[PDB]
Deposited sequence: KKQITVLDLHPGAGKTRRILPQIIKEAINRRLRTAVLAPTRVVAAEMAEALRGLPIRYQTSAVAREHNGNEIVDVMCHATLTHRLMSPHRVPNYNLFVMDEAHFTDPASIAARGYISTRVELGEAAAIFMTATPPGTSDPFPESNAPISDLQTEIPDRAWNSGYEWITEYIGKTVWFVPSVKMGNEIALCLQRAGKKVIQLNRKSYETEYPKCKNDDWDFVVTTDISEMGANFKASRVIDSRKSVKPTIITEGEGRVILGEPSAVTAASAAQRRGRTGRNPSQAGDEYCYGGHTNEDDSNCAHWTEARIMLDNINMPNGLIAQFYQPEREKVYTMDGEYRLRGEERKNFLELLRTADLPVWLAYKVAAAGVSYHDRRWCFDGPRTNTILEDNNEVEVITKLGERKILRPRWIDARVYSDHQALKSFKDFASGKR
């Protein structure tokens, strides 16, 4: 009948205490449950916590077993595929604030099904999509201090950063600015861990809390309040850039501040941020990619799934705009898992009528679409073929912008 939101503020007792109780009572009522988690870590956190109950933990390809434990991306990938889906009665989502394309899509699927009367849902999150309060309430008091935060290294000044004793989580605008800041701290004789994709330490430097960061005591969060995020350009034929670090959503800032001030015994925890938040996200590729996914989901009675209401003002297309029909849906799916291509790109490709094996498109593009390795056109040798420079018909900054990523796109254009 309804979608329920547990605004359970930070403090890692959610999986520990409450989850098994929800599921435990979800089993006596004989309800078909899907438990949805945003990462492998968390979905393995949920394994360790649900010891003793009937559970099918799945990566997913009557009897007694009635609940499933899976990643958001697993649900959507099955929903998109032409294979059966369990008719769930209950959906329970952990960290329902994730703006990953699949998680926005899965959140929409569920939202349509509750509105259809088909099921019930529990969303778990500190910062429910819709909310824009950067300073949420929490267990322990947090000291909020806006001061200037270095974007790079620094010789002297910011004497507060290093003079401080304790442990610190630094959220940095980008992965490359991480390196610098990190080295800088190391030179000051500070023990630092970088994490992008041991115990005795002073600093953790993060791109985002999605990777790692689970139950690790710190006393200070240094927050640059920026992050790099893929954007779509309208004109051209479509394009995705990975642009200069921009302002984060307040919900996103909330989640970072969330790392500190959750231990009632420790009262002098603090949060130093520089820069304000920005709610305008419309231009972020992730929404469009989410919409492409839900468009390509088959639903009862011929309907197209709508977005979760709070998130409906982010997409400008209407429903079924990105629908793929026939052999196209197949090529699309092929390029998602096997090829490991971003949803935008896979769609662009598949929708144009090209096939999973026709690697031509990565070469017959305009002069301006030439991918630069250092600042030089890349050489890629094909299957005993020619010397053709990489020049794709569609540019998506994701597939080369990161050094490991380029090799695999190279390995993709090869065969």
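Unmodelled regions (deposited sequence positions with no C-alpha coordinates, counted from 1) are 1, 63 to 67, 204 to 214, 433 to 434.
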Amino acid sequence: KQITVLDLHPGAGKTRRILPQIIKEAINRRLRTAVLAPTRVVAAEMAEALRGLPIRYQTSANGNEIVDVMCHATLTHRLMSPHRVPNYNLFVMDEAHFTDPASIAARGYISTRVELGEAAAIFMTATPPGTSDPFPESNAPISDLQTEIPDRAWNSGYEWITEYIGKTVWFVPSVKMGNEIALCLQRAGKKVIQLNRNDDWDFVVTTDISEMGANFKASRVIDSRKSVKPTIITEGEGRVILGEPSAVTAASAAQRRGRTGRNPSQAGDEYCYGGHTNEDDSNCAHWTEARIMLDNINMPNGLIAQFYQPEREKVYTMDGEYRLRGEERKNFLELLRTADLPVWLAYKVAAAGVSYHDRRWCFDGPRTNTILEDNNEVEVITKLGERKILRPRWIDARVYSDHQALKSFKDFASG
From here on, numbers count along this sequence of modelled residues.
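Here 286 to 294 and 154 to 162 are compared by their mean Cα B-factor, and 154 to 162 comes out higher. For the two regions 198 to 206 and 237 to 245, the entry's Cα B-factors average higher over 198 to 206. Across the residues 33, 370, 28, 58, the deposited record lists the maximum Cα B factor for 370. Going by the entry's values, 213 shows the largest Cα B-factor out of 300, 82, 213, 129.
For residue 217, the recorded CA temperature factor ranks within the highest third of the chain's modelled residues. In this PDB entry, residue 178 carries a Cα temperature factor that places it within the middle third of its chain's modelled residues. Ranked against the other modelled residues of its chain, the C-alpha B-factor of residue 261 as given in the entry falls in the middle third. Among all modelled residues in its chain, residue 116 ranks in the highest third by Cα B-factor. Per the PDB record, residue ranking by Cα B-factor puts residue 319 in the highest third of the chain.
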